[PDB]
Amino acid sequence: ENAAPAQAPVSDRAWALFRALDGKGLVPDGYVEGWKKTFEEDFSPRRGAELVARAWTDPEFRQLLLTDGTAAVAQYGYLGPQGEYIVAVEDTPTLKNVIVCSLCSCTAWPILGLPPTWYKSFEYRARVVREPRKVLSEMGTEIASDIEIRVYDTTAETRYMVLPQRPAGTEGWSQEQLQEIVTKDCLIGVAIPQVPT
């Protein structure tokens, strides 16, 4: 009849898993609490933003970022779980890059942050590989006809970040000013950095 299986409340199930393992001495003291802290506080799109702003103002670093993303990121100490082999992909006047994991949710956690709910949605996972222009449009990003859209499907161990184009009107801005306009969505590739009116 296609009905859902009977299930205890998810909170009760998740905590049961914790207690079953913790009760057997298999979880070190403060272990999950420490990961929670890392996930919430250390893994952050602010790091990706910093990298972009540096690339934007430092031709030498921009070249390193685009050729050996891992090395570039390591200089900041931002390698980590789900972010050990990094490739940065460069937007151009004729190319817009976008990242997905169609098979699950794979994301460069340490520099982009853990994926947002929408990135993990079946909608995004199913649609962006096939109709990225329509998907970005619906999300509020219009990509013109003269621009190739390239979708990177994160199917293995490469962990991607988009290096967006630096918008006009930011000439002479400091690294801190530039960082501010590079958001999580710019790093995933669904948004273009915005300069205020």
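Start at 1 and count along the sequence shown; that's the residue number.
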* To do: Check the entry's C-alpha temperature factors for 16-24 and 171-179, then say which stretch has the higher mean.
  => 171-179
* **61-69 or 133-141, whichever carries the higher mean Cα B-factor** => 61-69
* Asked: From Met161, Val32, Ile149, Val52, pick the one with the largest CA B-factor in the entry?
  -> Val32
* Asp153 by Cα B-factor - lowest, middle or highest third of the modelled chain -> lowest
* Structure fact -> So, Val190's CA B-factor, relative to its chain, sits in which third? The lowest
* Third of the chain's Cα B-factor distribution that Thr92 belongs to, per the entry -> highest
